[PDB]
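Only one chain comes next, encoded as structure tokens, the form solved without coenzyme A.
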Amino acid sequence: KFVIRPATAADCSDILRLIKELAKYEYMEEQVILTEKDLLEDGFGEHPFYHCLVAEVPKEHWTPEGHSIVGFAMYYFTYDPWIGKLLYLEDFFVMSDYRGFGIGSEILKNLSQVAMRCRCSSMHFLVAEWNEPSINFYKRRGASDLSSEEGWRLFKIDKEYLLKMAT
């Protein structure tokens, strides 16, 4: 039906494709700036800054445009002063026409396995507060809403302001 496997440098084109396609079903929008060149250099170079799992379909169930990659998950490892290494799920998208055969659910299984094999106490990730369907889903898998529990809010300081502080 479909196989979930760790991406290889050759999957970057597909990943950018799924990232752009992911940047459509999203609402905060903001077109993608990354290039295929970035995904390669940042994920398959000296030190990988992100890792990806890819959903590959047989030569039979390819994309109308002719693609074998119908899904992906992006993750990396983080650190917590109290307990140590954690697995961080940055994002995971699965193409529309292929979003009902368990691909996503299989992706979560593989990530959980990466979490065990890498000695991660837990896996963190973000969920938009309005996405109630996604909230309950993860709730059913034992996830805890730390923002509601501890009040955590995500903050950002972009290049502009970093430049001021730095200089």
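Quick note: we count residues from 1 along the sequence shown, nothing fancier.
Here the subject shifts to the form deposited with coenzyme A bound, a form of this protein not shown in this document.
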Would you please decide whether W62 lies within 4.5 angstroms of coenzyme A in the deposited complex, comparing each non-hydrogen atom pair? no
Heavy atom to heavy atom, is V127 within 4.5 Å of coenzyme A in the deposited complex? yes
Contact flag, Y75 vs coenzyme A in the deposited complex, heavy atom cut 4.5 Å: no
Just checking whether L22 would be counted as a contact of coenzyme A in the deposited complex - the rule being heavy atoms within 4.5 angstroms. yes
By the heavy atom within 4.5 Å rule, which residue out of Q113, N131, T35, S121 makes contact with coenzyme A in the deposited complex? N131
Checked 92-123 against coenzyme A in the deposited complex; residues with a heavy atom within 4.5 Å, sequence order, are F92, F93, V94, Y98, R99, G100, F101, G102, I103, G104, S105
